[PDB]
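Dropping query-v3.txt in here (compact mmCIF, C-alpha atoms and all ligand atoms):
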# COMPACT_ATOMS: atom_id res chain seq x y z
CA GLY V 542 -18.33 -11.80 2.19
CA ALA V 543 -15.72 -14.54 1.99
CA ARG V 544 -17.74 -16.25 -0.73
CA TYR V 545 -17.84 -13.10 -2.82
CA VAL V 546 -14.11 -12.51 -2.42
CA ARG V 547 -13.37 -16.05 -3.52
CA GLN V 548 -15.53 -15.70 -6.59
CA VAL V 549 -13.99 -12.38 -7.58
CA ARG V 550 -10.49 -13.78 -7.45
CA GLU V 551 -10.80 -17.02 -9.43
CA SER V 552 -13.31 -16.49 -12.24
CA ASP V 553 -13.41 -15.61 -15.94
CA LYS V 554 -16.38 -13.37 -16.77
CA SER V 555 -17.20 -11.68 -13.47
CA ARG V 556 -14.78 -8.77 -13.77
CA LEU V 557 -16.69 -6.18 -11.71
CA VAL V 558 -18.66 -6.88 -8.52
CA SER V 559 -20.42 -4.30 -6.35
CA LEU V 560 -22.21 -4.51 -3.02
CA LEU V 561 -24.34 -2.37 -0.74
CA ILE V 562 -24.49 -2.85 3.02
CA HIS V 563 -27.27 -0.82 4.61
CA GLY V 564 -28.81 -0.83 8.05
CA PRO V 565 -29.88 1.32 10.98
CA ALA V 566 -27.51 4.07 12.03
CA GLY V 567 -24.95 2.97 14.58
CA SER V 568 -25.17 -0.68 13.55
CA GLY V 569 -21.41 -0.92 12.93
CA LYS V 570 -21.15 -1.18 9.15
CA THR V 571 -17.74 0.24 8.31
CA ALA V 572 -16.01 -2.14 10.71
CA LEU V 573 -17.70 -5.12 9.07
CA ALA V 574 -16.67 -3.94 5.62
CA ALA V 575 -13.07 -3.47 6.70
CA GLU V 576 -13.02 -6.90 8.33
CA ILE V 577 -14.33 -8.54 5.18
CA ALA V 578 -11.62 -6.76 3.22
CA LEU V 579 -8.71 -7.49 5.54
CA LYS V 580 -9.03 -11.28 5.19
CA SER V 581 -8.59 -11.35 1.41
CA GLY V 582 -4.90 -10.71 0.79
CA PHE V 583 -5.44 -8.45 -2.20
CA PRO V 584 -2.27 -6.48 -3.08
CA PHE V 585 -4.07 -3.15 -3.42
CA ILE V 586 -6.51 -1.77 -0.85
CA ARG V 587 -7.55 1.85 -0.41
CA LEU V 588 -10.30 3.73 1.40
CA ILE V 589 -12.18 6.99 0.86
CA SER V 590 -13.75 8.68 3.88
CA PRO V 591 -15.21 12.15 4.42
CA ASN V 592 -12.35 12.77 6.85
CA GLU V 593 -9.94 13.15 3.94
CA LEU V 594 -12.25 15.23 1.78
CA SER V 595 -12.44 17.64 4.69
CA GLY V 596 -12.41 21.36 4.07
CA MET V 597 -11.72 20.95 0.36
CA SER V 598 -13.74 22.42 -2.49
CA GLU V 599 -16.09 20.49 -4.74
CA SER V 600 -13.85 20.48 -7.80
CA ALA V 601 -11.02 19.19 -5.65
CA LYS V 602 -13.21 16.33 -4.49
CA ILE V 603 -14.04 15.34 -8.05
CA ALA V 604 -10.39 15.46 -9.02
CA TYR V 605 -9.41 13.35 -6.02
CA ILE V 606 -11.98 10.68 -6.80
CA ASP V 607 -10.78 10.65 -10.39
CA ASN V 608 -7.20 10.07 -9.34
CA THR V 609 -8.14 7.27 -6.96
CA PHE V 610 -10.13 5.45 -9.63
CA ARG V 611 -7.29 5.92 -12.08
CA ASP V 612 -4.86 4.33 -9.64
CA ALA V 613 -7.27 1.43 -9.28
CA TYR V 614 -6.71 0.36 -12.93
CA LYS V 615 -3.00 -0.49 -12.85
CA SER V 616 -2.65 -3.59 -10.68
CA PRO V 617 -3.99 -7.13 -11.16
CA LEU V 618 -6.18 -7.29 -8.04
CA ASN V 619 -7.82 -4.48 -6.06
CA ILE V 620 -10.45 -3.71 -3.42
CA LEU V 621 -12.15 -0.39 -2.71
CA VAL V 622 -14.24 0.84 0.23
CA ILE V 623 -16.56 3.88 0.15
CA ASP V 624 -18.38 5.31 3.18
CA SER V 625 -21.86 6.83 3.66
CA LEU V 626 -22.66 7.96 0.08
CA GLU V 627 -25.18 10.45 1.52
CA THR V 628 -22.45 12.42 3.27
CA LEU V 629 -20.13 12.72 0.30
CA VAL V 630 -23.21 13.99 -1.52
CA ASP V 631 -24.01 16.57 1.15
CA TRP V 632 -27.64 15.87 1.94
CA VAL V 633 -29.88 18.13 4.00
CA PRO V 634 -33.53 17.06 4.08
CA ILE V 635 -35.16 20.51 4.03
CA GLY V 636 -35.80 21.86 0.57
CA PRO V 637 -34.18 19.36 -0.13
CA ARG V 638 -30.71 20.47 -1.21
CA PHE V 639 -27.76 18.42 -2.40
CA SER V 640 -25.00 18.54 -5.02
CA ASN V 641 -25.54 16.87 -8.38
CA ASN V 642 -22.12 16.63 -10.03
CA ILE V 643 -20.63 14.26 -7.47
CA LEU V 644 -23.63 11.96 -7.65
CA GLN V 645 -23.50 11.79 -11.42
CA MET V 646 -19.82 10.97 -11.42
CA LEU V 647 -20.31 8.22 -8.87
CA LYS V 648 -23.16 6.80 -10.89
CA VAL V 649 -21.01 6.68 -13.98
CA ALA V 650 -18.03 5.21 -12.18
CA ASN G 325 19.84 28.32 -11.58
CA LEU G 326 20.03 26.69 -8.14
CA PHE G 327 21.91 23.64 -9.43
CA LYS G 328 24.41 25.34 -11.70
CA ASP G 329 27.37 25.72 -9.37
CA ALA G 330 27.31 22.23 -7.91
CA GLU G 331 26.99 20.77 -11.39
CA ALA G 332 30.01 22.70 -12.62
CA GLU G 333 32.10 21.32 -9.81
CA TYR G 334 30.97 17.76 -10.46
CA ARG G 335 32.09 18.04 -14.06
CA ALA G 336 35.46 19.51 -13.06
CA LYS G 337 36.59 17.44 -10.09
CA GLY G 338 34.59 14.24 -10.38
CA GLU G 339 33.93 12.17 -7.28
CA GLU G 340 36.11 14.43 -5.09
CA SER G 341 33.73 17.40 -5.02
CA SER G 342 32.55 19.36 -1.98
CA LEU G 343 29.02 18.94 -0.67
CA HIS G 344 26.33 21.47 -1.60
CA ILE G 345 23.08 22.15 0.26
CA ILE G 346 19.75 23.59 -0.85
CA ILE G 347 17.15 24.50 1.77
CA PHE G 348 13.53 24.63 0.62
CA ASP G 349 10.86 26.20 2.81
CA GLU G 350 7.08 26.01 2.43
CA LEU G 351 7.04 23.15 -0.06
CA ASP G 352 3.23 23.09 -0.04
CA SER G 353 2.69 26.46 -1.72
CA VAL G 354 3.53 25.64 -5.37
CA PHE G 355 4.04 21.87 -5.66
CA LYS G 356 0.47 20.60 -5.73
CA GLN G 357 -0.91 17.44 -7.32
CA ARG G 358 -1.01 17.62 -11.11
CA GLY G 359 -4.50 16.81 -12.40
CA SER G 360 -6.17 16.29 -15.76
CA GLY G 366 -1.08 25.64 -16.00
CA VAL G 367 2.00 27.23 -14.49
CA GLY G 368 2.05 24.70 -11.65
CA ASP G 369 2.59 21.74 -13.95
CA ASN G 370 5.49 23.55 -15.59
CA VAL G 371 7.06 24.02 -12.16
CA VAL G 372 6.53 20.40 -11.12
CA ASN G 373 7.93 19.00 -14.36
CA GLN G 374 10.94 21.31 -14.35
CA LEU G 375 11.82 20.21 -10.83
CA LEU G 376 11.20 16.54 -11.57
CA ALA G 377 13.53 16.51 -14.55
CA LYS G 378 16.31 18.11 -12.50
CA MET G 379 16.21 16.17 -9.23
CA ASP G 380 16.98 12.91 -11.03
CA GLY G 381 17.33 13.08 -14.80
CA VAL G 382 19.32 11.66 -17.68
CA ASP G 383 22.58 13.03 -16.22
CA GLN G 384 23.86 11.48 -13.02
CA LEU G 385 24.70 13.87 -10.19
CA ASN G 386 25.69 12.58 -6.74
CA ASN G 387 27.37 15.43 -4.84
CA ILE G 388 24.26 17.17 -3.53
CA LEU G 389 21.84 17.06 -0.62
CA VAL G 390 18.46 18.81 -0.56
CA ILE G 391 16.44 19.37 2.60
CA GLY G 392 12.79 20.39 2.63
CA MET G 393 10.55 21.81 5.35
CA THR G 394 6.77 22.03 5.30
CA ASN G 395 3.62 22.08 7.42
CA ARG G 396 1.25 19.91 5.32
CA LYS G 397 2.78 16.62 4.17
CA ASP G 398 -0.29 15.11 2.45
CA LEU G 399 -0.55 17.64 -0.40
CA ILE G 400 2.69 17.22 -2.36
CA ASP G 401 2.32 15.41 -5.69
CA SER G 402 2.62 11.61 -5.45
CA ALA G 403 5.66 11.36 -7.75
CA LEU G 404 7.89 13.57 -5.61
CA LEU G 405 7.94 10.99 -2.81
CA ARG G 406 9.43 7.98 -4.55
CA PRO G 407 12.62 6.21 -3.33
CA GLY G 408 15.42 8.27 -4.84
CA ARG G 409 14.18 11.88 -4.64
CA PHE G 410 12.72 12.66 -1.19
CA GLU G 411 13.46 9.46 0.63
CA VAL G 412 13.40 10.01 4.41
CA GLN G 413 10.38 11.59 6.12
CA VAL G 414 10.52 12.60 9.79
CA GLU G 415 8.21 14.36 12.26
CA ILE G 416 8.93 17.14 14.74
CA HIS G 417 6.83 17.16 17.90
CA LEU G 418 6.38 19.91 20.44
CA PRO G 419 8.95 19.86 23.26
CA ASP G 420 8.12 17.81 26.33
CA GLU G 421 9.17 18.85 29.88
CA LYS G 422 12.67 17.43 29.54
CA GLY G 423 12.94 19.20 26.22
CA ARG G 424 12.08 22.47 27.94
CA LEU G 425 14.67 21.87 30.65
CA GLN G 426 17.35 21.09 28.07
CA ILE G 427 16.34 24.11 25.99
CA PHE G 428 16.71 26.26 29.07
CA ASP G 429 20.12 24.73 29.72
CA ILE G 430 21.36 25.54 26.22
CA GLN G 431 19.87 29.03 26.03
CA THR G 432 20.97 30.22 29.50
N1 LIG J 701 -19.35 -7.14 14.70
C1 LIG J 701 -18.93 -6.30 15.65
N2 LIG J 701 -18.59 -6.81 16.85
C2 LIG J 701 -18.17 -5.99 17.81
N3 LIG J 701 -18.03 -4.66 17.77
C3 LIG J 701 -18.38 -4.18 16.57
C4 LIG J 701 -18.83 -4.91 15.48
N4 LIG J 701 -19.09 -4.08 14.40
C5 LIG J 701 -18.80 -2.88 14.86
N5 LIG J 701 -18.37 -2.87 16.16
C6 LIG J 701 -17.96 -1.72 16.94
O1 LIG J 701 -18.51 -0.54 16.39
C7 LIG J 701 -17.62 0.55 16.71
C8 LIG J 701 -17.48 1.46 15.51
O2 LIG J 701 -18.73 1.67 14.83
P1 LIG J 701 -18.77 2.04 13.30
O3 LIG J 701 -18.05 3.26 12.89
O4 LIG J 701 -18.48 0.80 12.47
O5 LIG J 701 -20.27 2.38 13.05
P2 LIG J 701 -21.14 2.86 11.81
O6 LIG J 701 -22.27 1.98 11.55
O7 LIG J 701 -20.17 3.14 10.67
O8 LIG J 701 -21.71 4.23 12.29
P3 LIG J 701 -22.48 5.47 11.70
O9 LIG J 701 -23.73 5.00 11.03
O10 LIG J 701 -22.75 6.36 12.90
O11 LIG J 701 -21.51 6.09 10.69
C9 LIG J 701 -16.30 -0.07 17.16
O12 LIG J 701 -16.19 0.13 18.56
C10 LIG J 701 -16.46 -1.54 16.78
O13 LIG J 701 -15.77 -2.44 17.64
As structure tokens - that is how I would like this structure written.
Ligand SMILES: Nc1ncnc2c1ncn2[C@@H]1O[C@H](COP(=O)(O)OP(=O)(O)OP(=O)(O)O)[C@@H](O)[C@H]1O
Amino acid sequence: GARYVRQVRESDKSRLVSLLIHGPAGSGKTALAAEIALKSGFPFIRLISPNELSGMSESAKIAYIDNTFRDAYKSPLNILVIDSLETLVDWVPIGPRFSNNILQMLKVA
Amino acid sequence: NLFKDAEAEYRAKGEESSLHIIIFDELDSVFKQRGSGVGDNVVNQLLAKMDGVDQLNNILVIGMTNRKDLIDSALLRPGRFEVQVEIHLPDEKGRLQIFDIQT
């Protein structure tokens, strides 16, 4: 993680870096992500959890994500943490049902 | 129309005016985040009056609400709604004191 942070700060062509930490449930992922973020010093850090998109409606969620991403494009350096990605896109394995608009937006973003 | 009278006095007297108060209740019912409607008209009309091209420093506006994380993000910038405070439920000493004052 430290290596990636260092590259993202001082480079010329790498202007967008993603990652994906996956593992068995209960393995303690979100803590590790936050720890990797907290030892960077970036001016702008923000987090999106299901706890804040609680009890809203779908359109509200899309609007909220839009606003967050918009705010991410007005400062030199930034970091951004996203949790679960199968809970924002409400996933129930029988049928199987889920919501498509949110997924498509996240894939484009 | 809520700012007319105070404004008149500021123009007349100057810096020797008398304080005015405006109490707002349920601030979370109309002033919601502007996205990308009537709501936007309301938000803009309030924004341009709280602090606009014309200086006005003989006023004090208090606001009361039950959900503090839904007001637009531009109404909470140093200069418009500066100090934010929380009211808890009374503790035991609070109840004793309340009893003292009421009885
Ligand atoms: N490297 C670590 N060392 C010690 N404790 C850790 C470590 N990583 C996580 N934890 C502990 O894990 C707990 C929180 O778990 P956390 O929410 O990160 O799990 P999770 O993988 O996100 O869970 P879930 O899949 O159920 O959403 C805390 O008590 C934290 O101290």
Write out as CSV a residue-level contact list of chain V versus ligand LIG 701 (chain J) with cut-off 6 Å: for each qualifying residue the closest pair of atoms and the distance in Å to one decimal, counting only C-alpha atoms and all ligand atoms, rows sorted by chain and residue number upward.
residue,atom,partner,partner_atom,distance
V:566,CA,J:LIG701,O9,4.0
V:567,CA,J:LIG701,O8,4.2
V:568,CA,J:LIG701,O6,4.4
V:569,CA,J:LIG701,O6,3.3
V:570,CA,J:LIG701,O6,4.1
V:571,CA,J:LIG701,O4,4.3
V:572,CA,J:LIG701,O4,4.2
V:573,CA,J:LIG701,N4,5.6
task = Choose the residue, out of G:401, G:329, G:429, G:415, that has the smallest atom-to-atom separation from residue G:368; count only C-alpha atoms.
result = G:401
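The two atoms in question, atom CA of residue V:549 and atom CA of residue V:618, are spaced 9.3 Å apart.
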Test item: residues at most 10 Å from residue G:353, all atoms listed in the file, excluding those fewer than 2 positions along its chain, as a ChimeraX atom specification = /G:349-351,355-356,394,396,399-400
How would the residues just chosen look if you wrote them out with C-alpha atoms as a compact mmCIF listing (two decimals), keeping the file's coordinate frame?
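Below is the file selection_38.txt, written as the result:
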# COMPACT_ATOMS: atom_id res chain seq x y z
CA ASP G 349 10.86 26.20 2.81
CA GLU G 350 7.08 26.01 2.43
CA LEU G 351 7.04 23.15 -0.06
CA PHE G 355 4.04 21.87 -5.66
CA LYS G 356 0.47 20.60 -5.73
CA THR G 394 6.77 22.03 5.30
CA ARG G 396 1.25 19.91 5.32
CA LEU G 399 -0.55 17.64 -0.40
CA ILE G 400 2.69 17.22 -2.36
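With distances taken over only C-alpha atoms, G:358 is the one residue among G:358, G:337, G:344, G:409 lying closest to chain V.
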task = Determine which residues of chain V sit within 12 Å of chain G, taking into account all atoms listed in the file, and present them as a VMD selection string.
result = chain V and resid 593 to 594 597 600 to 609 611 to 612
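Note that atom CA of residue G:412 and atom CA of residue G:330 are 22.2 Å apart.
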